[PDB]
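These notes are about the structure you will find just below.
Taken together, the values in this text are just the output of simple stated rules run on the coordinates, not laboratory data. For neighbour counting, all protein chains shown are included, and Cβ atoms are generated from backbone atoms with ideal geometry for every residue, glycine included.
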Amino acid sequence: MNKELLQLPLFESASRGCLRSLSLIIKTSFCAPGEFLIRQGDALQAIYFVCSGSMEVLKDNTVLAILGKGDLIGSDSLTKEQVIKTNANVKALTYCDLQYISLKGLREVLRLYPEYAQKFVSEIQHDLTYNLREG
């Protein structure tokens, strides 16, 4: 009993073959305490998942987003696939490990898996923790 990998049901619910697909384009992102991950207007191409630690986006003198372990970063509507840029600033409060991948990378691999893939864009909401919108 513990934090299962199904944080991303797309692959965890796929044959290791898909995970091998994602792995073909798997990306790893890490943040440190007070570490700045994004700066207002940054380009959003990948989505990240936090497994442990603490992070938040700072804007308007206040944290525009407050998330912790298991949280998710990125806007929803992965089916609309559009240009999105974080208008706020991202700063990891406490050392946290984050896993991310290029939306193009995940969809290609999943492309190999059309049923689970087409479902991925819609299945994401099952994990969507924090929706980051542009501007």
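Run the quick spin-label model on residue 2 and residue 69: label points 7 Å from Cα toward the beta carbon, then report their separation in nm to one decimal.
1.1 nm
Tell me the relative contact order for the chain as a rounded percent, counting alpha carbon contacts under 8 Å between residues six or more apart. Present the calculation step by step, with values, prior to reporting the outcome.
Values: 278 pairs, mean separation 47.9, N = 135.
It comes to 36 percent, rounded to a whole number.
What whole-number volume per residue, in cubic angstrom, does the convex hull of the C-alpha atoms of the range 1-63 give?
Details: hull volume 7.6 nm³, N = 63.
Considering the Cα atoms of the range 1-63, their hull volume per residue is 120 Å³.
So for the chain, what are the equivalent ellipsoid semi-axes in whole Å, largest first, each being the square root of 5 times an eigenvalue of the Cα gyration tensor?
Numbers: eigenvalues 128, 56, 29 Å².
Semi-axis lengths for the chain are 25, 17, 12 Å.
For the modelled label position 7 Å from the Cα of residue 119 along Cα-to-Cβ, which residues of the range 1-16 have backbone nitrogen atoms closer than 16 Å?
6-16
Amide H of residue 46 versus every other amide H placed in the peptide plane: which residues, excluding those fewer than 5 positions away on the same chain, fall under 5 Å?
Excluding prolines and chain starts, which carry no amide H, the hits are 103.
Taking the number of other C-beta atoms within 10 Å as the exposure measure, put 66, 26 in order starting with the fewest.
Sorted ascending by nearby Cβ count, the order is 66, 26.
May I ask what percent, to the nearest 5, of DSSP beta bridges between residues of the chain are antiparallel? Write down the numbers at each step before the final one.
Working: 31 of 32 bridges.
Antiparallel bridges: around 95 percent, rounded to the nearest 5.
Go ahead and set up a Gaussian network model of the chain, Cα springs under 10 Å, then flag whichever of 49, 30, 11 fluctuates most.
For the chain, modelled as a Gaussian network with Cα springs under 10 Å, the answer is 30.
What FRET efficiency would be calculated for the residue pair residue 129, residue 30, taking the C-beta separation as r and a Förster radius of 22 Å, to the nearest 0.05? The partial results should precede the final answer.
Numbers: r = 18 Å, r/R0 = 0.84.
That gives a FRET efficiency of 0.75.
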